[PDB]
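Just one chain follows, in the form deposited in one PDB entry, and it is written as structure tokens.
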């Protein structure tokens, strides 16, 4: 039942090792790596590992970012090409130190990946760029297969532990991406102190904002400096939340102990893609 080491994981590992490629998969010790790499899916981080913001559940440290590296989009595109990925997720940090909030860096990375990797689905997980319409438009024009912006938690909690964001602004990002014609995605992290009723209302908020794909996961505390875990969600409770989201009309729903945002991202995109094409007939 549990994924064990297969031939495509092995190929990818060999290619990563020789070229010295950085992946979030390896660097973060993600336990899904045997399964994801067997499906040739992987995740990359752009913009450095020092974020200009601080959200209490997030393992990324807050600090002074390094200078913009304009060679990073090519580096990521080359990694995707070397690995022969079927699906690639591009993540990053907030860059309030940059005058465009890093919008060029995100767009240029999607563009570079697509130039070299025509058959690779690309998922872009973005910060909010302060909801600035010109920044969002630059990013949307790069045309990722999935545009994700994770709200992570419910408004009561969001307000406190993501103080450089606002819940309605983040919903607005998803709406802007949907309006731009992109498949959209978000994530809820349970165990942060939210009530089940707050999860149900947040799923409704996400759907009404235009969100197509939602993941619902269990919080795993990064360290004793981070937010405490306030609940361990039972399998039957995840199933209820997934049914709730399915009933709301989300095209793709995954609930459970997913560990990271990118788990099964390729399969969820395929579901959303297929359902959109079916509806468009």
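Under this definition, the rigid core comprises the largest set of C-alpha atoms superposing within 1.5 Å between the forms. Positions refer to the first chain, counted from 1.
Form deposited in another entry: not shown, discussed below.
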Exercise. Which residue in 37, 219, 44, 250 stands out, with a C-alpha shift of 2 Å or more between this form and the one not shown when both forms are set on the rigid core?
Worked result: 37
For this session: For residue 263, state whether the C-alpha moves by 2 Å or more between this form and the one not shown after rigid core superposition.
Result: no
Exercise. After the core is matched up, is the C-alpha of residue 239 off by 2 Å or more between this form and the one not shown?
Worked result: no
For this session: Determine whether the C-alpha of residue 56 shifts by 2 Å or more between this form and the one not shown once the rigid core is superposed.
Result: no
Seminar exercise, completed: Under comparison with the form shown, the C-alpha atoms of residue 12 and residue 85 in that other deposited form shift by 3 angstroms or more, placing them farther
Exercise. Your call: residue 145 and residue 38 CA atoms, closer or farther in that other deposited form versus the shown structure, by 3 Å or more?
Worked result: farther
